[PDB]
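The lines below spell out each chain.
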Amino acid sequence: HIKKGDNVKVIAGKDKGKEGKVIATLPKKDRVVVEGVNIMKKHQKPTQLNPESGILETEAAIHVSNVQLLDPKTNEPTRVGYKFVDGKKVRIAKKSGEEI
Amino acid sequence: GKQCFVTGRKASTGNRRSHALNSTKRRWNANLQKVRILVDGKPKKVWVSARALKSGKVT
Amino acid sequence: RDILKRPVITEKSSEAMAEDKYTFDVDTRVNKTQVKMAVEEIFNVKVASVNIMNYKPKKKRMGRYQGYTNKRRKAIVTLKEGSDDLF
Amino acid sequence: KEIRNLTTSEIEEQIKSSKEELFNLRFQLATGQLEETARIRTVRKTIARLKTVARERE
RNA sequence: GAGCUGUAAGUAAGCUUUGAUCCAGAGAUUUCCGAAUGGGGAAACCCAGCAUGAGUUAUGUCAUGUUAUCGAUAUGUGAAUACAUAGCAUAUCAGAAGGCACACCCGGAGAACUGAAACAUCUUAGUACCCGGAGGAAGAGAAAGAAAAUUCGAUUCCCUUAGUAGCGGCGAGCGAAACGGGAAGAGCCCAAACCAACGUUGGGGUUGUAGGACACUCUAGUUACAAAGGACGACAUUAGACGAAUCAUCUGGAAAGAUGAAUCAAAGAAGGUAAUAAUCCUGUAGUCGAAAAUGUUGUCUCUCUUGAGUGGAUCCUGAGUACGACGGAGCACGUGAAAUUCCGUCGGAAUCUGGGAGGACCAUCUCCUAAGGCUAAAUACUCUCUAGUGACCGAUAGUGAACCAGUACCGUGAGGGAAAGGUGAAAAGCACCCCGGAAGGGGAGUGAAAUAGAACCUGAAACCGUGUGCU
RNA sequence: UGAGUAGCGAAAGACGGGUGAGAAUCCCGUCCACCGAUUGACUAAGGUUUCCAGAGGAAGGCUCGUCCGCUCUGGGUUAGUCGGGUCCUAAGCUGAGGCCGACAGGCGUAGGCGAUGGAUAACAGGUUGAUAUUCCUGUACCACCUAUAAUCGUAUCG
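As documented in the archive entry, the model was determined using cryo-EM at 3.2 Å resolution.

Given below as structure tokens:
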């Protein structure tokens, strides 16, 4: 379950392949925001005095079913698990016992 | 309605058939009578049926 | 105690009332004797008289859903001494 | 939570909160002197938190 | 276990790894109206009496509790009637009321249109509406029974008998039971004689293979009926947690498709993801989980508590009752040759050699003991709650209602009653330039697509136009 | 379709100057005409924000509209004496106890309620974009309360 702050890799979409870091999250709607992917060029500030000096381009939310969590050793996307080795739960990798 | 103090004698209901067997609801009341009976507390005017009144009653 | 809710700062409550005539907006189930006591305990003044009037709810937003605003109760205190009821 | 004090102190606190931080912070939201408007909810909740504790003692 | 202040965008101002928001159990608070109950009233309002308390020199003004009617039970108890039988005065009690599931279930009162090809008997129908009383079920229930064999053994429900026996302007039509095969399986307490005591109380005693009192001798708990109040261990609901296995390349705006290689399966149900996925995400098979509350059911406690044969010398075994006469209702049964059950009215029995029944009635023979009461399971239904299914609907359909609908509105009132879904994968919802007072356009941009521009998918016919080849 | 057809709901307007993208219709001025036991001034029922100021011109207005009883954003009603309640009752409604009745309920005694009537203390001026016997200025008058009083005290209130 992708949390804000970690490194991911796109699995599907126009930017298949690229890798970034998660800067936001819409958990009620399952949307993460990845730096670099899904750039939308927008017409902003019809009247509002910024002043309008062009076009502000930002990211766009993507569905959390399109990113995967890379393995800290082989540089490979994978799934996750919960070993429960600490009194608190712990997230571990799948293609290896190492952690995230 | 009126009802007998000692026993619940009450009005019934039925037909009043004619010789050509036509029907019409009527009522059959009870023979109640105002009498004063000697209830331990007081003698108070109550209704008692004229059949209850036979075979003795404190009047 | 605190029966008052909020002062009223509008035209006709700004100058010709400015002098010894302060408008307050109070609770809808109090009499005028109670306001003559709450104003003296909160501000430490001497009150000459109090008048009161009630307003009826209005129709609010014609567009979309329709509805009524609240009913309010407007009081007016006159000071025989002192000043500074609102700043 | 701010109700760690003894019984008399608790009785004073409620008057202190409601007679200063609620009445005064609403003669400014009306005339237009108040900013940092989130102070109102905090005062309102504190009084609720106080009474709830007083009552439990009964 | 990392974001958050709902729908609902904005805008500020802030809380949070020192455990927010969120989900479950237990508490606290809970203005006013309403059975509404201090008195009144055009519900959501007005006016008060007593008891303390806050407050000013003082009254006016606030706060908190309390004060309806009927019923019971103590109390004082002071009409006429001298003692005294009303009435009155004060106290006590999670005492009663009022809603709601227009579904099912007992009882009281009770139609008509219709059918007979008219109609009066009859039928529809003991149906609808109205009223009262309950319960989660209700009613029924432990033989004064059913029968005709060498007998059965309390009620209810379903099959079958049987559209049979009957009934009837013997017309239209109505319409059984026993037996037999099965579901389920509980049977027991009072009155009376008699024994003491001061009309009442405790013991005794409960019935057809005749029982008991009387007389001599002597010998298990079923708190759902039966007498009933409490502590008492593990299952189950009320939030959750782990949970197997995939890569590459074409055509695309986008792969889950096509083409090649592999892999899990007590898991190939299903829904989503930029197009059609067992292996991307929530899940499923299977295992694990409870502070606190509530339900079911167990082993100890507990509390109750004596069981059987012989003797009729003798007294007991439900009275204005059973039954009869007249008038009605109900039994499948329209008064008939009408037994068996109930109501109104007036007459009125016997006591074990007694009394009732076996379709008028009388003798013989069989069966059974009325006039007191209780009682679980098999059965009926759904306002609801959790989990699911369908050769059921897909916006004129399906609930009146997928769209803030019992509403907009229509009526003095009871009452009636609509219409209205879809941009895109993602708002990326058209910066700037020009004509115009604006609305609306023409470019330029966003996007895979603007003839997808919020009067947003597709966009038929009626109908309204513009141009044109033959006439 | 009928079809650019019937109708546009009794009545006298003319001109000048402004405003404006736009004027027979909006604002100001002069003249003319109409009502005047009323088309004038007050109030009851009823309606329920229609009242006022600055903005607006898609819809509504039987035409147009720069305007409005229409749309948006802010305003407006003040009581010891006025009208009702803390006073009194007609007629009617209700009704503890009580009488009658298959249920449901019907009647009604005391005593409540209830005006359209009976009682009961104020007037003239000033002012605002919108309130005035209500706000301010001047002069009153009524019930209640504590203080002190000439005079008391078998007076005194019932």
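Participant: What is the right way to look at the overall build of chain D in this model?
Facilitator: Check the secondary structure of chain D and you find 2 helices and 0 strands. For 58 residues, the compact-globule formula gives about 10 Å, and the C-alpha radius of gyration of chain D, at 13 Å, lies well above that figure. Summarising its shape, the C-alpha atoms of chain D cover approximately 40 × 15 × 15 Å along the three principal directions. The buried share of chain D, reckoned over its 58 residues, is 24%. Split by element, the accessible area of chain D, about 4,400 Å² in all, is 49% carbon and sulfur. Of note, chain D has its 13 positive side-chain charges centred 4 Å away from the centre of its 10 negative side-chain charges.

Participant: What should I look at first to understand the interface of chain D and chain C in this one?
Facilitator: By a widespread convention, an interface's size corresponds to the accessible area lost as its parts come together. Residue-level contacts link 8 residues of chain D with 9 residues of chain C. Summing both partners gives a buried area of about 740 Å² for chain D against chain C, and 71% of it is carried by carbon and sulfur. Connecting chain D to chain C are 0 salt bridges. At the junction of chain D and chain C, the tally comes to 0 residue pairs in polar contact.

Participant: Got a minute to help me understand the sheet that holds strand β2 (residues 19-26) of chain A in this structure?
Facilitator: By way of backbone hydrogen bonds, the strands of a sheet pair with one another, either parallel or antiparallel. Residue and element names in this part refer to chain A. Read across the sheet, 6 strands follow the order β6-β3-β2-β1-β7-β8 without closing on themselves; strand pairing throughout is antiparallel. Each edge of the sheet is formed by a strand with only one pairing partner; in this case those strands are β6 (62-63) and β8 (77-78). Where strand β3 (residues 31-34) and β6 come together, 2 bridges link them in antiparallel fashion. Bridging from a neighbouring strand, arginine 31 pairs with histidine 63 of β6.

Participant: What is the right way to read the layout of surface pockets from this model?
Facilitator: To find leftover empty space, a probe the size of one water molecule is rolled over the atoms. Computed from the structure, the largest pocket encloses a volume of approximately 450 Å³. Around the largest pocket, the lining comprises 15 residues; the ones closest to its centre are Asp2(C), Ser18(D), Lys19(D), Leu22(D) and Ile47(D). Elements with a minimum of two residues in the lining of the largest pocket: β1 (4-7) of chain C together with α1 (7-22) and α2 (39-57) of chain D. The element contributing the most residues to the lining of the largest pocket is α1(D), with 5 residues. Tallied by class, residues from the lining of the largest pocket come to 5 nonpolar, 2 polar and 8 charged. Estimates place the volume of the second largest pocket at around 240 Å³. Of the residues belonging to the lining of the second largest pocket, the class tally is 7 nonpolar, 4 polar and 2 charged.

Participant: Can you walk me through the protein's contact with RNA strand E in this structure?
Facilitator: Around RNA strand E, the structure places 49 residues, and the nearest of them are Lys42(A), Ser65(A), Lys88(A), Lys89(A) and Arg9(B). Near-protein atoms of RNA strand E (within 4 Å) split between backbone and bases, with sugar and phosphate holding 76%. Between a sugar or linking oxygen of RNA strand E and a main-chain N or O atom of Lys41(A), the distance comes to 3.1 Å. One of the side-chain N or O atoms of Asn31(C) is found 3.3 Å from a sugar or linking oxygen in RNA strand E. Those elements giving two or more residues to the surface near RNA strand E turn out to be β4 (40-42) and β9 (81-82) of chain A, β1 (12-15) and β2 (25-28) of chain B together with α1 (32-43) of chain C. Broken down by element, the residue count for the surface near RNA strand E peaks at 4 residues, all from β1(B). Looking at the surface near RNA strand E residue by residue, the class counts come to 10 nonpolar, 18 polar and 21 charged.

Participant: Explain the arrangement of the chains to me, please; I cannot follow it from the model alone.
Facilitator: A gap remains between chain A and chain C, with no contact made and the closest C-alpha atoms lying 25 Å from each other. Spatially, chain B and chain C are disjoint, and the shortest separation between their C-alpha atoms is 53 Å.

Participant: Just to check I follow, could you spell out unusual backbone geometry for this structure?
Facilitator: Leaving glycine out, the prevailing phi sign among residues is negative, and the prevailing peptide bond configuration is trans. Following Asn50(A), the chain continues to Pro51(A) via a peptide bond in cis, the omega torsion being 0°. In this fold, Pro51(A) is placed in the loop between β4 and β5 (56-58). A positive phi is found at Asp30(A), a non-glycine position, where the angle reads about 55°. Inspection of the secondary structure puts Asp30(A) in the loop between β2 and β3. Despite not being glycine, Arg64(C) has its phi angle at roughly 60°, a positive value. In this fold, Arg64(C) is placed in the loop between β3 (46-54) and β4 (73-81).

Thresholds, definitions, all that
Residues numbered from 1 in each chain as written, not as in the entry; some residues may be left out. Chains lettered and ligands numbered in written order. Part of a larger assembly, values for the part shown. Heavy atoms only, no water. Residues with missing side-chain atoms left out of burial classes, pairs and counts. Helix = DSSP H or I, 4+ residues; strand = E, 2+ residues; numbered from the N terminus. Rg over C-alpha atoms; globule rule 2.2 N^0.38 Å. Buried < 20%, exposed > 50% of the residue type's maximum accessible area, 1.4 Å probe, protein only. Areas by Shrake-Rupley, 256 points an atom, 1.4 Å probe, with all protein chains shown as cover. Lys, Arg positive; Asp, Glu negative; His and termini not counted. Charge placed at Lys NZ, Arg CZ, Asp CG, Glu CD. Contact = heavy atoms within 4.5 Å. Buried area = accessible area lost by both parts, 1.4 Å probe. Salt bridge = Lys/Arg side-chain N within 4 Å of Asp/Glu carboxyl O. Polar contact = N/O pair within 3.5 Å; in protein donor to acceptor, adjacent residues only side chain to side chain. Pairing = 2+ DSSP bridges. 1 Å grid on protein atoms, 1.4 Å probe; cavity = no way out; pocket = protein on both sides within 12 Å on 5 of 7 lines; lining within 4 Å. Points joined across faces, edges and corners; volume = space filled by probe spheres on them. Nonpolar A, V, L, I, M, F, W, Y, C, P; charged D, E, K, R; others polar. Near = heavy atom within 4 Å.

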